Structures are given as structure tokens and as C-alpha cells.
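Each remark here refers to the structure printed beneath this line.
Counting convention: from 1, in listed order, for ligands and their atoms alike. Letters A, B, ... are given to chains in the order of the sequence lines, protein chains preceding strands, and every chain is numbered from 1.
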Amino acid sequence: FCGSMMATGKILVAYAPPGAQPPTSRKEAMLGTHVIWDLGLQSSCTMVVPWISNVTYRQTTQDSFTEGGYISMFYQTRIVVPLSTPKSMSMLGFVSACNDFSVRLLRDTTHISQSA
Amino acid sequence: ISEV
Amino acid sequence: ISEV
Amino acid sequence: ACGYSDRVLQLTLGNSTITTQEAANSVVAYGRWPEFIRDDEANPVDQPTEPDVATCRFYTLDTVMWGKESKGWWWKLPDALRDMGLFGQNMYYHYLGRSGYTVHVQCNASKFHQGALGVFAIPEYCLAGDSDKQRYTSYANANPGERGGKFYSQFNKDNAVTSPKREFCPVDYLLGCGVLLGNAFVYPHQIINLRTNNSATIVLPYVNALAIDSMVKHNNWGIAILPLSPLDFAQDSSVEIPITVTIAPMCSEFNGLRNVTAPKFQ
Amino acid sequence: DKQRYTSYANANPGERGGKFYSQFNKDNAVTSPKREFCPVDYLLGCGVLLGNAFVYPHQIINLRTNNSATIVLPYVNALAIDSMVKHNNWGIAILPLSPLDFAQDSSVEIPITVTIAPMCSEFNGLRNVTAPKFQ
Amino acid sequence: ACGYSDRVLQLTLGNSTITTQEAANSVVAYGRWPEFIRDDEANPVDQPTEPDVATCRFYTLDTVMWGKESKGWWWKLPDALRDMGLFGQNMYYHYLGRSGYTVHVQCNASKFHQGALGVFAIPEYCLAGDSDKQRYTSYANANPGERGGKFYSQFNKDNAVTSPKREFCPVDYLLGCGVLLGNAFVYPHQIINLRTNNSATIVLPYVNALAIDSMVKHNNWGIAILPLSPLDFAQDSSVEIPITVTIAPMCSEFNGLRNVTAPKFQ
Amino acid sequence: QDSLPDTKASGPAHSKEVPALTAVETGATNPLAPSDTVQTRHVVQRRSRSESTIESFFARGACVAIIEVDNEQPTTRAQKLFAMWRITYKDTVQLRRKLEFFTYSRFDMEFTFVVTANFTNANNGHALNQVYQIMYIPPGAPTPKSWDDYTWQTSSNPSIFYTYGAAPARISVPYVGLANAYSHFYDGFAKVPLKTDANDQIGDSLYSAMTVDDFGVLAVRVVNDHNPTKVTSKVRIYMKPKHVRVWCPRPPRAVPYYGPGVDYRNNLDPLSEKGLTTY
Amino acid sequence: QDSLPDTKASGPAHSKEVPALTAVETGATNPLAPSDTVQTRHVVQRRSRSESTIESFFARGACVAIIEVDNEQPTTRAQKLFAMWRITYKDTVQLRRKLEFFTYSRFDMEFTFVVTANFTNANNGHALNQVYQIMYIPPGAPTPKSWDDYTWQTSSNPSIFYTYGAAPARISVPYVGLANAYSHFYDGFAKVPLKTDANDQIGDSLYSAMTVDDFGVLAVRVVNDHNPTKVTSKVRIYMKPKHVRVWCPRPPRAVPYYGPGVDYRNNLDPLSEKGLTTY
Amino acid sequence: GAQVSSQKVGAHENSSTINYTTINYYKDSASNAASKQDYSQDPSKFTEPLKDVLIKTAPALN
Amino acid sequence: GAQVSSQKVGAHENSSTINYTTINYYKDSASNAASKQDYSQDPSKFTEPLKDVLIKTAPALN
Ligand SMILES: CCCCCCCCCCCCC/C=C/[C@@H](O)[C@H](N)CO
Ligand SMILES: CCCCCCCCCCCCC/C=C/[C@@H](O)[C@H](N)CO
Ligand SMILES: *C(=O)CCCCCCCCCCCCC
Ligand SMILES: *C(=O)CCCCCCCCCCCCC
């Protein structure tokens, strides 16, 4: 959270394993895995997306057979600020693998090419 | 070696 | 030889 | 030294976690943590279902707004959760059900706002009706679900003796039931006083005169939230801030399976 | 003529189940195709001969001998757990190996009732409910 | 109990001390504290000079101002210190020099200001040029000294193909070098997020593919400070607050003494 | 020691043990031996089932693909200067049918490549010996758009460079399945239509198909630049399962295959005519 | 034993330990596991990171050069009777990008050479099998001025004589760097302009370049004298780093390469459009 | 690392256990040849998958 | 000079530690193949390069 120290708020961040309608409301999002973040001196909050899969390894391309689910975020109460404080602010997000993560079958990336 |  |  | 505080807590149940950085410790009602029925207190003889993580997890109800003229809100348990995921399904498929709860009430504001909410957990919270007829509130009106109900500042008697509303008329300083609100502190409670904390956490054991009962017919606990000191901010006359209630079933067990109950609410 | 084209709603009849036929009736309304299975009985609905279906776990209800069949099924799949909504693990096929007959009446009918119990059920990955479109 | 916090630190090197009361712990890059060349890693054979407290002390560079339209700043080491007291003299009198550094970036604001600076320490921070000609930034332009350089929001190609500027054109979301800024977090870094802290402290070992090298020809580390979230205050549209960078050489040793190098910068 | 059991000598019987009667309704096969219904002599049995183990039944290279690739001047029309084959055993029928005696399998795979070439035109000079590149492109990697674009740099995909006239190329691949066994049959879908879907296309998928790209493709090209005369080649691919385990036996395919699923269409009459009482 | 850690079973929590909250300002990543924020079961983990070790990530031959060389009658014009390639991994992009996940590296290098030839003219007779000489010329050694001058005597430079149609040639080279690791990035110059320099050219050098000749060149020629018909060949060079160590990870290249430095020019917009609230 | 096993001899020359030798040359087990020294099992899971398996001399239905 | 090591077996035949053998034929170690028996390490120097590393259950800022 990169708001001022005077800003407060509670946020729900959720993970829905695949197979149902992608969450459109907090009411649906809160039925899946979720963390309710209270903003305060510890500036940041981590939600862990547990490995929940049918196959033992998923594909790195998009495939419905090995689809992974949905992440959504909703306000749990709202951002509240006093007077003389910015009413808008940025939130930044970060991602990393846990210690149980692995990859296999080396292949070329689509992220670099070369023209003739 | 190992005979079996 | 050396098995490891 | 490393820094643990009774103001910062994490609660994890099933697949849901709550954090708060401005708690005021937490209450375990009557000093009793929830538990399953022991064999020597058991009464139905069929093997119970215990859905465990599928039902004992945090469900967040719809947010309500606290404004300067709000008189208070009330919910009953298990009613407020009757439509929540697999807790509601197990509740309606079984004649009997038992559950304790963790209640977490959320309300943040700022260092320049002020106000204090009293959060009370009341066993058998009987509420008073709106008319001359006694004990006449109907089942659908006594059970608002997650929507809950509200308090009023005065007794407004329903007069359409023709098509009576059959509703409760909870007057706030009488705690909706003929006693003085100031004595509600004998019930398990916390206060969210905005200068001090932004949440209240209360753990509720199952309390009843029976080891297990019908969840559809009977509510074990009522949650009453009343502004002990009204909301105020800067010099504005129409400040509003959200109040969100998140509740998790605990040690749920159900007996007497058959076809599903479908109550008539509308 | 279209391969692997039976739709999800038609492949999954629920408790109603489906039926076998004596012959391949190709859907011809190439405009509004039915997208249904056409299971031919002596081919076990899948291109093999019905007589070899005995390599699968089975019992016979032969009316002179017994009035029921009981079969216990372990979970079988190439995975320890999977999506139950997308994938069916087992099929139950009941075919008259020898047709019904009685006294000398030409329209005898008797009920067949199927009772099934889940065993060792466990579920993972809770979220909001799946609501498939069947109609 | 007596009160030590990872938010309050004192750093003392030579005759200089820094205090901060709102730190966010401190980073030791790649887990390696600086050290001198060991005999078994040594390569020039002459006895090194180790000026110790005369060069390993905190030097404060000129302050820069962070405003709402600032895109970022960068400095290279040892270049930013080339004119600093006896560190600069030893650097230019010797063919070879080696040094680690403590970098302390300072930015205070108030509880009503907001914004977040990313402070990244990058080994071999090669930056991209301003034209069609490749690898053409000149020595004087690649080495701004304590003044440092700036980032831009877009690639502005130098077109005066007649009198080319031969400057870098560092585009901010590409970290000035063709990679995405979001992945700069694989480099040793801290964030000064104004609601949380007012300084960043990073200790840098000497990193190079050699035990010692020419400090005049080669910069070992780059310091990049970019607004990850832009400065904002109350409702004013032209807030500005200072950013001051203080850096101290650590474990400095020099080899190959002769007459002084005098680079042509102008 | 792998021989089958010996026949025991047995004599006459007059008793209440009746092995010849049974009830197949139970779902069981009656485990009789000839000595249960006739008088037998002792026979020391030496036959074995060495050649019908799962490993010996599959231990043959079977042709699964014929890929055609040309080497000629790059014109502007559609040419076959490189070819791509989606890896499968379902383009041919013989190995498909043997694997489909089982529902699931787990094995390593040996691929051997036989390459043959010929001239097509009576004469426009000749051709110098050709080298072929067979590149494996796993699901997700970039596929070539021309025979010499950057994907052929193959920095991470594995490639074989085969020289014409050398012994057939050969490589092995591990068990690469996403599940704990390969599914020869999948009774399901990769997507489910939901009631809240915007249209019916969103949840529609092919019955019994799993992933879209399955194992990826082999991209084949001739590395040489073209000669004046055109040269056509064919790469024949032979698959042999090795270190084989299989589960859940099935009736074998009895009517012609009609696509990659179990669908049928014609020749649904596999059995011939024979009189009930004709030997 | 190389498997990843097991998941521990964990149950409910109501406490002052709050692993879900953190402060990324410190520069650290929060080391959470699923059992810190949800109830988990015990899982005996068998997956491993065997295929993403530094050695397995680089263990592929990647194409780094295509050298063209002709065999035809020596005319007076510019011909390609021999060709020279300055050794580098920066003429192609795929291996360059994988090495540049790191600032420094130390490895031995395997080079494999694939050689293909073709006729160019419809017919002026044919050609007998060609032998190719690939000579390494280290910085400082004399470079050939014609395809058969004295430098090809190769008394000290190493050469490969490759026969057309034989298996691809292959050699290994040790870590030959002048420093203790190869620098994939060098933030500096090879010269410094001094105030006393006579003019500005004297101290001018290219940004981020080190030595001028780097590793030298490969000089390739066909050893055969010419036939009446012309034969064109291409030598494709594949590099594989082996016995690899790497230091100081970097963001990977996200926009097209523009030369041997880090410069960029076009397609500076790698990310596509996607709505903030669209799955 | 040489494995030595016995061959099952079919035709015999007018000359005993004849052995053969194997060495694996590759690290990956997928590269290995097949040893074809394969054990077998009981068909019961298919021929008699009954909860109470009865003896063949006794009546199947009691 | 033969080195014998164990293979990590993936698919198993219906037939244990299977070994493979290696001999280096050249004096120069650059000629050697890769053994691919590679150890790993801790990511901490990148994920937690902090002077005071704190435990994940405690507050990051105290
Ligand atoms: C340089 C050439 C490399 C060739 C690499 C080939 C990799 C793929 C091997 C696949 C073997 C496929 C066997 C069939 C499996 C299927 O039955 C099932 N659809 C999997 O669930
Ligand atoms: C007969 C053929 C012999 C071929 C001999 C080749 C010798 C040169 C091998 C060089 C391997 C180069 C890898 C790249 C290193 C660069 O990153 C850096 N510029 C070095 O600081
Ligand atoms: C067990 O392997 C003991 C030693 C066997 C000696 C003979 C080895 C023959 C060569 C194997 C080379 C494998 C590839 C380098
Ligand atoms: C260790 O090496 C013990 C002996 C191994 C015997 C088998 C050797 C096979 C031939 C190696 C020749 C290397 C080149 C002359």
C-alpha cells in the first residue's frame, strides 16, 4: 500500500480454484481461498495460492485442461482518510514461487525473436 | 560387475 | 572403478 | 523484543485468513472454546457429519454503513449464515445441527474520526414485537438472514390491525427486549472505539439447554452492534464509514439427514 | 460424421442415463446437429464387440438364478483426484444378454432399479458453486 | 524492553556518523560484506595503499528534488565519488582501485504525504544510448560524477547526425537498458515508501570479474532511484521534497601508483 | 525358472465335488484344468509365456507418421520446404490398436527415423547430400513460419541433424505425461458450459479430448539451400514403447477407426456368416 | 535425494504470529508456504528441480553463426573462396538472451559444426566430395588474404579438416577468459580521454566494449581446387556451454536487441492490453 | 557397472549356463534398453474378483 | 578409471538401482561431458539479504 500513513482500509484478496463462474462480487470471492488485509504499519500483505490441481504439472501455455483459477480483490470496508490527505493512492503487487515450485521440459521462449 |  |  | 502485540492478530480457519493490526485482544465467551459433543453428553444416536474445513471457514456478510443517525444492527446465528456455501446446505439437509463461531467485526476510520460501537453476543436473544399482540413476530420476520435488522429509538406500534406487519420493534436503549442497554455488558462483548481499535473478535461456544437442536427453528446467539458514542468527523455532518461482519462456524456437527428443508421466506 | 462432437449436456444425462440402439442411425440435420451419442449395442457403444465386455468387472442377473448384482468400484483414474464435473471415471452399462420373456405373453415388462452409494469421498479446492448449463 | 528497533540505526565510518529513526532494516547485497583482496586471490604484486579512515567515510552528494513529474535519477560508482576528498585523489593517482560502499538514501516527508521510491544497486549497469549508432555514448557523458543522470518516459532519438550528443537515453519502465523495470527487484534494493520509512541503507561488496580493476575506466555499481509511486500531498499539485544520497567507500585498496590521471570532462 | 505348471496325473472320480458346474452370474471364470473333467497323465511342462509379457508384446518399432519435405527454390506459392507433424500414434492404426487393449499406460518412448529421397525431374543437374533438421517444438514454444526463420536456432528445443545415407537416427524420451499414467481413453471434456456464460461457444469443447496441443509437434526441414533440381524426401517415424506398464484391459477395436475418438461410421459388421451347426 | 520439501499438515490459528503481513520496503521476499495462510494436509513431495539447474538450462547446442563459403574458379572480383567469422554469441538472439540472465559466467564451450552444400548452376558437370578447413586465428596471428596463402599452413593455430557427409565436427575449448569470469555486461570503456591528449580521437572508445578483437576469428575455406560447376556451402556453428557457473542475476531482455550493447530502438512496447478487472 | 545375466538357451551346440553382459552408457534411464526379464502375476483380479472367493469343487451358489 | 553412478529411474519395466558407467578419454577437462549431478543452494542471498533477518511470524518492522 503506498498511501499516506493517515490512510486506513481493509481489503479482501482471493483465489478461486477453477471450474465455477469467475468471481464478480465479494460475496462469491470470499467462498474461495482468501486473506483479509488490514492496512497499518506492516505495509504489505501476502496471499499464498496453494497448489490445488488435478494434473501433477500444468502447462505453461493457456489450456483449459490445466487451467489454474482466478484471483480477484475487493474492498472489505473502504479506504478512509482524514482531511488534508490524498484520497487516491497506488497499490503495487509482487509475485514469486514458493519452495515447492518446479518446472520441466526445457523449450524456447516466445519472448525474443530475430528477423531476417 | 554384478552377475544375476 | 569408483561407484558413487 | 521480536514484537508480538495483542493488537496484531491472524485468524486462519479452513481456506480463509483474517489479519488485523489494531485489535483490542479477543474474547472467548464465558471462557469456553467451542468443542464437539462428547459421548457422555450425546443424545441422537446416528453417526454425525462433521464437514470440517468445508463449513468452518470465514463467511463475510454484506457491509452496512454507519452514519450519524444509525441506531444499530442485529443478526442472529445460525440464521445469518443460512445461505453461506456448504454451511447452509448442511444446516438445511439435517434435522439437527450444532456449531460454535468466531465473529470478527471490522470498522476502520482515521485518527481524526471518533465514535464507539458496542459489539454484544447474547445467548437466546429474544426481541420484542411491534404490536399489542404478544409473541406474534412471524418466522420470516424474526429471521432476516445476512441482512440482519435494525434498532429504533422508540416504540412505534404497528396499528394496521387488518394486515399486521408481525415484525420486531427493537428499541435501542432497551436492547430491543425490555432491559437497559447499559447492562448488556454482562454478555460477552468488545467495544470498537475508533481512537483505539478497528476490529472486535469474539469466539462463541455453542450455548443451549441441549447438546444439539434444530438450527432452522432456533437461533442460539444474537449479535447486537449499537453506537455507544455516535460517529463524528472533522466538522462534517454526513460522515459514513462501513462496518463489515465476518463469521466462521467452528466444530460443526449435524445429525438426522433426510431431504432438504426449504423454508418459506417470501 | 463429425468426430468427438457430442456436447457436454448430451454426454451427461444425469440419473436418467441413456439407451443403446441396434444400429447406427447417423444424425443428418447438418444445420442443427443433435450432438448426441449413438451407442450401438453389439458394439458396446464404442466400436468393440459386446462379447468381450466381460474383461470389465461385471455380474449377470439371470432371472432363474438371482435378482440383483452388487459391484464395489474403487476410484480408477490416471490421477489421484480430478474434476468430477469435467470427467466421468466409470460407466455402468446394462444390456439384455438374453431378452425378457414370460409365459406366452408378448408384452411383459419388469422394473430395473439402480441404487449407488459413494464411498471414501474426499474433495479439494473449495470456492463458489459450479452451475453447469444443461438446458 | 531497553528498546532496539530495526527502524533506528547509527552508522559510523571514519569521522562521520549517520542516524535514522525510520529505517526498514538494511540490505547487505548478495549477503556479502566488503573485504580486502586475499593473498590467494591477489593479482598486482606491488604493496597496496589502504587509506582507511581518510577515504572510508560518508560523502554527501548534492541533493536532488523529487517533484510530481520526476522520472528518476541514476549515479554510477566509483564515478559519483571521483571528486570526493582523498577518495578521488587515491582513485586518480593509482592505475588500479577496489572498494565496497555503504549507500544511505535520505527522503523524509510527513504522515500526510505519500509516494514510494525504488532504490536499486545494479552490478555493471550498462545504459542505452540516444541514437542509431550503437555503443556510442562518450566517456564524459556516461560519467556525470555526483550530478548523476535522469530517466525519461520515452525514447527520444538524437537526430542531429552532424553533431551527435552521444548521451544515454534511459527510458524508465525499461530500467534504461531494455529490460522491464518490474524485474529490477532481482538486484539488491530497498523501497522508501513514505508512510513506512524515510531512508534506505544498502551495503555493497566490490563485485567484478576481477579482484581489482581501473576505477577510471570502469564503474562497478549503478544506483537507480525511480518513483514506483509518484509523490503526492494534501491536494497540492506542486509538492517537492529533497532526496539526499550519502555514500561511504569501504575496504579501499589501490595499486599501481604513478602520476595523476586528469580525465577530460569538458 | 519361467515354465507353466505341470499337468498332474488324475484318475476316476465319483464324488460330491463338482468342479464342472458353476454360476457365471457371479462375474468369475471357472479355473478348471483338464484333470478336473478327464483322466490326465503327468506332463512336465516346459512352455513359458516369455513372448507375451507386456514388454515383449510392444517391443517393436511401429510406423506412426510419414512426413514429406522438399528442397527446391523458395517460390511465392505454398511449398513444403518445412513440414510439421503433431506427435501422435493415432495417424496409423496398428500400434494404436495394441495400446488400446489398455486404458492407461506408463512407458519411455524410442523414436527411430528412416529418411528416403528421390529426384522428381528428369534432369536439372543433381544434388549434393542433404542434412535434415528434426526439431521438437513443445506446446508454447514459437513454431517456424519459414524454413530458415529464427526458431530453427533451436537454443532450447532439442533437434536431431540427420545426414542422408547414415544409419536411421534414434533417440529416447522419458515418461512425459502430466498425470501418473497416459490416458488412452478420457471420458470427459476440457471445458464445462456454465449457466452464466455469455454464449454457448465459451464452454464448448470436444468430447474425450484433453489438452489442445498434446505433446507438441516435430518440425522437419532440409538444412541445405536448394539445388537447381528439386529433391523430395520422406521421413518415416517408428515408435517403440519401452519399460512398459499398463492398466485396465479393454475389448480390442473391432470395426474401423473413424478419427481420434471412439467414433465409428462404416463396416460395422466385423463377423462373417457361418451355420450354427457347420464345423 | 533431490525432492522438494513436503507440505506439512496445519490446522486453524488464532494468534499473535502474523506471517501474512510484511513490509517489502526492507528488500526481502516473504518466505511463506501455503500452511502459513490456509489449512493444509501432509503431502510427501516427490518433484525435483533437476531440469532447471544452471547446467540443464544451458545444456543445448544453440546456433550462433551461418558462414557461407564457395568453391569456384578464382576470378579477379570479390568472391567467397574463404570466409571469416568473429567469434561471438551476439549474432543470434536465443542463446544471447539465456546467458544474459546473468552478469558473469565461467564455462567450457563445445562447438559442433553442421556443413551443407548445393549446386547453383543447372549444370557444368559435377563436383567431387569437398573437405573444409576451419582454422582458429587468435588475436594477433596473421589472417589469410587469399584462400590458399601461407596462413593456412596452420602450424600453431588449431584447424579442423571436415569431410563433407561425415558426422558434424565437434571440439571443446577451455575457459579462455582474461579475467576470472566472462563479463556479459561491462559498464565502462577501454580508453579514457585525458586533458593533455592532442585531440579527442585519442581517448575515444566504444561504450561497454572491452578488447577490440575479443576471441579472434574462425577462417573457413574449401580445401579442394575448384570444379567447373560452382558449389556453395554453409557452415552452421552450434555452441553449448558446459561445466557452467553463473553470478549476479539480471532482468531478461524485454525489447528487441539493437546491436552488441544494450541499446534499443524499436518495439519498445512489450506488454499487451488487458483490462484491470478482466480475467 | 557391467551386469552379467544368464541366457535361456534354445538350440544347443554340440559343445551349460551361457551369460551375456550389459553396461548402461547414459545417465537417463529412458536411454536404457529393455531387460526383458519380466515377472508375471495372477489373473485373479480379472478372473475371480469376488468378495468371497469359493473353491472350484464347492457349489458357486450356496 | 570407470566411474559408476546410479540413474534416477522414471518409468520402470516389470522386471532397483540401475547404474551407468563413465570413463574420461581425454587429458583436458574441457573435453569432458557434463555430469549433471548438480547441487543447489539457498536463495536467501537474493530473497532475504537483510542485515538482521527476522522470522516470518514476527513483525517485519519492530
Ligand atoms: C528430437 C525429437 C524429440 C521427440 C520428443 C517427443 C516427446 C513426446 C513423446 C510422447 C509419447 C506419446 C504416447 C502417447 C500418450 C497419449 O496416449 C495420452 N494422450 C496422454 O495422456
Ligand atoms: C578449431 C576451432 C576452435 C574454436 C576456438 C574458440 C575459442 C573462443 C571461445 C569463446 C567462448 C566465448 C563465450 C563468451 C564470452 C564473452 O561473454 C565475454 N565477452 C568475455 O569477457
Ligand atoms: C562397471 O561399469 C565397471 C567397469 C566396466 C569397464 C568397461 C567400460 C566400457 C566403457 C564404458 C564407457 C561409457 C561412456 C563413457
Ligand atoms: C579405469 O579406467 C580402469 C580401467 C578401465 C578399463 C576400460 C578402458 C577402456 C578404454 C579406454 C581408452 C582411453 C583412450 C586410450
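No donor-acceptor pair under 3.5 Å is formed between the side chain of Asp187(G) and the backbone N or O of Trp90(E). A donor-acceptor contact shorter than 3.5 Å is absent between the side chain of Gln59(A) and the backbone of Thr61(A). Looking only at distances, no side-chain donor or acceptor of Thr92(H) sits under 3.5 Å from a matching main-chain atom of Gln94(H). Within the 3.5 Å criterion, the main-chain N or O of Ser105(G) finds no donor-acceptor partner in the side chain of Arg245(G).
Contacts classified as salt bridge (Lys or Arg N to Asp or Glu O under 4.0 Å) and involving residues 87-100 of chain G (residues at least two apart or in different chains) are given here: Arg96(G)-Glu100(G).
For OH of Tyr26(J), the number of neighbouring non-hydrogen atoms (other residues, nucleotides, ligands) closer than 6.0 Å is 12 at most.
Minimum heavy-atom separation, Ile52(A) to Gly125(E): CG2-CA, 3.7 Å.
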What does the N/O contact table under 3.5 Å look like for ligand 4?
{"residue": "ligand 4", "atom": "2 (O)", "partner": "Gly1(J)", "partner atom": "N", "Å": "2.2"}

Once you restrict both partners to nitrogen or oxygen, which atoms of ligand 1 have a protein partner under 3.5 Å, and how far apart are they?
{"residue": "ligand 1", "atom": "17 (O)", "partner": "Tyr89(G)", "partner atom": "OH", "Å": "3.4"}
{"residue": "ligand 1", "atom": "21 (O)", "partner": "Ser183(G)", "partner atom": "N", "Å": "3.2"}

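Applying the side chain to side chain contact (heavy atoms under 4.5 Å, CB included) test to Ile171(H) and every residue at least two apart in sequence or in another chain returns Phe111(H), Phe113(H), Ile160(H), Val173(H).
The existence of a salt bridge linking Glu67(A) and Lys86(E) is confirmed by a sub-4.0 Å separation between a basic side-chain nitrogen and an acidic carboxylate oxygen.
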CA sep, side-chain torsions, deciding dist, call: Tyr132(G), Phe161(G), ring-ring contact (aromatic ring centres under 6.0 Å, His included): CA-CA 5 Å; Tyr132(G) 298 75; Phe161(G) 285 87; over 10 Å; no
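Ligand 3 places these atoms under 4.0 Å from at least one heavy atom of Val4(J): 1 (C), 2 (O).
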